[PDB]
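Input: a single structure, listed below in structure tokens.
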Amino acid sequence: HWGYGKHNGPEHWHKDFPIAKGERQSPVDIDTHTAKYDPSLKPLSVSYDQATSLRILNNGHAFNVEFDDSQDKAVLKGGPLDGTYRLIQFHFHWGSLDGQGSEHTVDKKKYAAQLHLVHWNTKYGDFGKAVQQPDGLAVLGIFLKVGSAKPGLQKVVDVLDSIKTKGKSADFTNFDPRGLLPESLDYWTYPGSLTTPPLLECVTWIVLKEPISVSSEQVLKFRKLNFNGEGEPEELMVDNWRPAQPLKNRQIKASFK
Ligand SMILES: CC(=O)Nc1nnc(S(N)(=O)=O)s1
Ligand SMILES: [Zn+2]
């Protein structure tokens, strides 16, 4: 079905998901000079101290770490959000080289990878209903640049061997997502969509200004993953990112000046 190759890549997605050419598609390029500082925007409130990770899984497009979202144990609120959003999973998008990999870009600059922490608005009851609403999800986006190792990402890096191919999964408990956060929580925000099919326009994007750095050896491990299932020809999982989409009639607000 869909993927990131030339025959099923992002340029082909519109044929099965017409909304690919919609009005609030993601990702986008963040032009730092036309972004509007908005002093009425509140600080983000990330409460991940009760977070419960359960499993890590290679879904053939990326790898996801899933959390128990049966109760308000890891939530996001504040910022441009109203209500509570529960963390359901986080995943990454990365490139084949260090100069590409992120989905969002800042003044056209691409980062080595991009981490997405996905949350759904609890007023909707479950994830499936939330994706059907304009204010259903809140995704926290964090850029990764190659530099020094991120201690808090190593646990994730070491388990990849066990989920090398599509469909593989592994128990992944007691992982603390707080170890992936940059020091500052300043951000840009705009209304957008999921960056993979079905590309629903149900997301309030919150992109952090400050990147976290990971080491070259850490990102290398990501690139060893496979898109294919076991027993199939090896297709390295790299460049699983969608290019920037037209901003159209949207404004990017910044929480800092
Ligand atoms: C279960 C789930 O989170 N679905 C998603 N699909 N694309 C997403 S992204 N790239 O916009 O964060 S999240
Ligand atoms: Zn994503």
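Cβ placement follows ideal geometry from the backbone for every residue including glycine, while neighbour counts extend to all protein chains displayed. Quick note: the coordinates plus some simple rules give every number you see, no bench work behind them.
Could you list, in sequence order, the residues of region 113-123 that are crowded, with 18+ Cβ neighbours inside 10 Å and more than 15 Å from ligand 2 (Cβ to nearest atom)? Break it down into steps so the answer makes sense when it comes.
Taking region 113-123 as the starting set, the residues that turn out to be crowded, with 18+ Cβ neighbours inside 10 Å are 113-121.
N121, the sole residue that qualifies.
Within region 198-223, track down each residue that is touching a helix residue (DSSP H, G or I) at 6+ places or on another chain (Cβ under 9 Å) and either of a type in the set (D, E) or within 12 Å of ligand 2 (Cβ to nearest atom) (or both).
Residues satisfying the conditions are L199, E201, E217.
Could you tell me whether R86 is away from ligand 2 (no atom under 16 Å from the Cβ) and touching a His at 6+ places or on another chain (Cβ under 8 Å)?
On the way: away from ligand 2 (no atom under 16 Å from the Cβ): yes; touching a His at 6+ places or on another chain (Cβ under 8 Å): yes.
Against the criterion (away from ligand 2 (no atom under 16 Å from the Cβ) and touching a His at 6+ places or on another chain (Cβ under 8 Å)), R86 qualifies.
Every residue in region 29-43 that is within 17 Å of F143 (Cα to Cα) and among the aliphatic types (A, V, I, L, M), please.
Going residue by residue through region 29-43, those that are within 17 Å of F143 (Cα to Cα) are 29-32.
Passing the criteria: only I30.
Take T32 and decide whether it is more than 16 Å from ligand 2 (Cβ to nearest atom) and closer than 18 Å to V106 by Cβ.
Details: more than 16 Å from ligand 2 (Cβ to nearest atom): yes; closer than 18 Å to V106 by Cβ: yes.
Yes; evaluated as a whole, the condition is true for this residue.
Kindly evaluate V146 against the criterion of being touching a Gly at 6+ places or on another chain (Cβ under 6 Å) and either crowded, with 21+ Cβ neighbours inside 10 Å or more than 18 Å from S53 (Cα to Cα) (or both).
Values: touching a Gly at 6+ places or on another chain (Cβ under 6 Å): no; either crowded, with 21+ Cβ neighbours inside 10 Å or more than 18 Å from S53 (Cα to Cα) (or both): yes.
Taking the combined requirement at face value, the residue does not satisfy it.
Quick one: count up the residues across region 41-70 that are surrounded by fewer than 18 Cβ atoms within 10 Å (Cβ to Cβ), of a type outside the set (D, E, K, R) and under 14 Å from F127 (Cβ atoms).
Qualifying residue count, region 41-70: 1.
Look through region 21-40, keep the residues that are among the hydroxyl-bearing types (S, T, Y) and in contact with a strand residue (DSSP E or B) (Cβ under 7 Å, 6 or more places away or on another chain), and return whichever of them is surrounded by the most Cβ atoms within 10 Å (Cβ to Cβ). If you could, list the steps in order and put the result at the bottom.
Step one: of region 21-40, the residues among the hydroxyl-bearing types (S, T, Y) are 26, 32, 34, 37, 40.
Next cut, in contact with a strand residue (DSSP E or B) (Cβ under 7 Å, 6 or more places away or on another chain) only: 26, 32, 37.
Details: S26: 23, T32: 13, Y37: 11.
The selected residue is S26.
Got a number for residues in region 72-111 being more than 10 Å from ligand 1 (Cβ to nearest atom) and closer than 16 Å to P243 by Cβ?
Total meeting the criteria: 16.
Taking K248, is it away from ligand 2 (no atom under 16 Å from the Cβ), at positive phi, touching a residue at least 24 places away in the same chain (Cβ under 8 Å) and assigned to a loop (DSSP other than H, G, I, E, B)?
Working: away from ligand 2 (no atom under 16 Å from the Cβ): yes; at positive phi: yes; touching a residue at least 24 places away in the same chain (Cβ under 8 Å): yes; assigned to a loop (DSSP other than H, G, I, E, B): yes.
Yes: the conditions hold for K248.
Quick one: what pairs do we get from region 83-100, first residue of a type in the set (A, V, I, L, M), second away from ligand 2 (no atom under 15 Å from the Cβ), C-beta under 6 Å, 6+ apart or different chains?
These pairs meet every condition: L87/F67; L87/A74; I88/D69.
Is it the case that some residue within region 79-99 is touching a helix residue (DSSP H, G or I) at 6+ places or on another chain (Cβ under 8 Å) and at positive phi?
We begin by selecting, within region 79-99, every residue touching a helix residue (DSSP H, G or I) at 6+ places or on another chain (Cβ under 8 Å); these are 83-88, 90, 92, 94, 98.
Okay, now just the ones that are also at positive phi, so 83.
Yes; the residues of region 79-99 include at least one that is touching a helix residue (DSSP H, G or I) at 6+ places or on another chain (Cβ under 8 Å) and at positive phi.
What residue, among those in region 55-100 that are in contact with a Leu (Cβ under 9 Å, 6 or more places away or on another chain) and among the small types (G, A, S), is farthest from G141 (Cα to Cα)?
It comes out as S96.
For region 101-128, give me each residue that is without any contact (Cβ under 8 Å) to a residue 24 or more places away in the chain and under 19 Å from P27 (Cα atoms).
Of the residues in region 101-128, the ones without any contact (Cβ under 8 Å) to a residue 24 or more places away in the chain are 109-110, 124-126, 128.
Across region 101-128, the qualifying residues are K109, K110.
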